[PDB]
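Undergrad: Submitted below is the structure of interest, expressed as structure tokens.
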Amino acid sequence: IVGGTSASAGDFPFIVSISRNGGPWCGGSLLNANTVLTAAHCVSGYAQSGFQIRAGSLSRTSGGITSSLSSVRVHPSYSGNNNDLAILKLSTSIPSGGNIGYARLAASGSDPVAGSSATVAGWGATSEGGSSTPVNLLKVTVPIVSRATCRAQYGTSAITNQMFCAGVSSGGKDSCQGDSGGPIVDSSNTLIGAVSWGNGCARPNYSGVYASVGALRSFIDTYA
């Protein structure tokens, strides 16, 4: 997260950190006791055994409940940067209550509205190309960017309606490497997307791109 602040305890009760090879890698969202939603590019084709999930902690290294993966399901049509979602099944259940909760998904057929305020969270880099990786969770609030502007930035071929964009026109606030797969929520804390891709991080005129929960409910609801 670039341009962010420290998350408070209980801000994203459903957020999980995903380590790979015992080191930081991605984020995700707990959908229910045995299911995580993350980005396809976090897991697609990688050895599933390298991954561990941690829930119920602001820290990605300490506290909460951990689980290995029992299975990985990438969106059947994951193609390029498009349809960038995967469903992970956990071999250790993660009960809700106390400090853990499950995500509330955006309505089917919904698209985040340009100009509305969204919040993204994760343990990724704090600058483009950054070497340090936060141990405790960060968050940042950015406006949704109209898909037309996003297409102006990336080219019409690069942005689909399975994606949406968010960021500030002068730059400086964004998700970044190691945030992939983690949640972006609307001002009510409804899960609208997963961190997906971008040209760099926090560049003026290159918005962060997110996999759209509203557009992909059919995949999520079938395997969750």
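We number chain A the way Swiss-Prot does; in order, the residues shown are 25-248.
Structure determined by X-ray crystallography, 1.2 Å.
Each residue, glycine too, has its Cβ placed from N, Cα and C.
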Undergrad: Can you look up which of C174, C200 is joined to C189 by a disulfide in Swiss-Prot?
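TA: Disulfide mapping in Swiss-Prot sends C189 to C174.
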Undergrad: CA-CA, which of the recorded positions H65, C189, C225 lies nearest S204 (active site, charge relay system)?
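TA: Going through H65, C189, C225 one by one, the Cα closest to that of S204 (active site, charge relay system) is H65.
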Undergrad: Taking Cα-Cα distance, which of the recorded positions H65, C66, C174, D198, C200, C225 are within 10 Å of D108 (active site, charge relay system)?
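TA: Matched recorded positions: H65, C66, sequence order.
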Undergrad: Please classify the secondary structure at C189 (disulfide bond) using three-state DSSP.
TA: strand
Undergrad: What are the sequence-distant neighbours of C200 (disulfide bond), meaning same chain, six or more residues apart, C-beta distance under 8 angstroms?
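TA: Sequence-distant Cβ neighbours: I25, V26, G148, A149, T150, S151, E152, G154, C225, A226.
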